[PDB]
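Every heavy atom of this structure was used, including side-chain atoms; hydrogens, water molecules and symmetry mates were not. Here is how names work: the chains are called A, B, and so on, in the same order as the sequence lines, proteins then strands, and each is numbered from 1.
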Amino acid sequence: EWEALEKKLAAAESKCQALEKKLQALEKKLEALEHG
Amino acid sequence: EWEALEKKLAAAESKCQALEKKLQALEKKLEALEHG
Amino acid sequence: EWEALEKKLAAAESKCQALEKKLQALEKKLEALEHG
Ligand SMILES: [Hg+2]
Ligand SMILES: [Zn+2]
Ligand SMILES: [Zn+2]
Ligand SMILES: [Zn+2]
């Protein structure tokens with residue numbers, strides 16, 4: 001249905017933003033190893 | 001159209017879950033370098 | 001509305017593809033540390 005797709009998309013957006021933060025967190029740890 | 005958007009979203013969901021697994025795989029390799 | 005959801009989804013797709021590239025970029029740096 002229509003509303004279930006609205007929510008699916010909102011959930012998808014929040015998952016991608018959480019994965020962007022995890023990526024930023026990993027990049028910080030990598031840069032420490034690469035320059036520390 | 002409507003159905004093409006249903007599928008687009010399903011495809012988007014599966015890509016994000018695959019990227020989450022790749023992220024977990026990279027985090028494991030990073031943690032080995034950081035603590036090994 | 002309907003069109004705002006069309007665009008939301010397109011924006012979501014492009015964010016995930018940008019995060020895939022960042023992931024590939026990080027994986028390359030990790031592999032250098034792991035094998036260099
Ligand atoms: Hg994503
Ligand atoms: Zn660096
Ligand atoms: Zn650690
Ligand atoms: Zn390797």
Name, in order of residue number, those residues of residues 27-36 of chain B that have a heavy atom at a distance of less than 4.5 Å from a heavy atom in chain C; otherwise write 'none'. B:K29, B:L30, B:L33
Among C:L19, C:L23, C:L5, which residue forms the greatest number of heavy-atom pairs with chain B at distances under 4.5 Å? C:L23
Can you tell me how far the NZ atom of B:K8 sits from the CD atom of C:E6, to the nearest 0.5 Å? 7.5 Å
Residue pairs meeting ring pair (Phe, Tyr, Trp, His ring centres under 6.0 Å), one or both in residues 2-24 of chain B, sequence neighbours left out, come to A:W2-B:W2, B:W2-C:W2
Turns out that what part of C:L9 lies under 4.5 Å from chain B's heavy atoms comes down to side chain
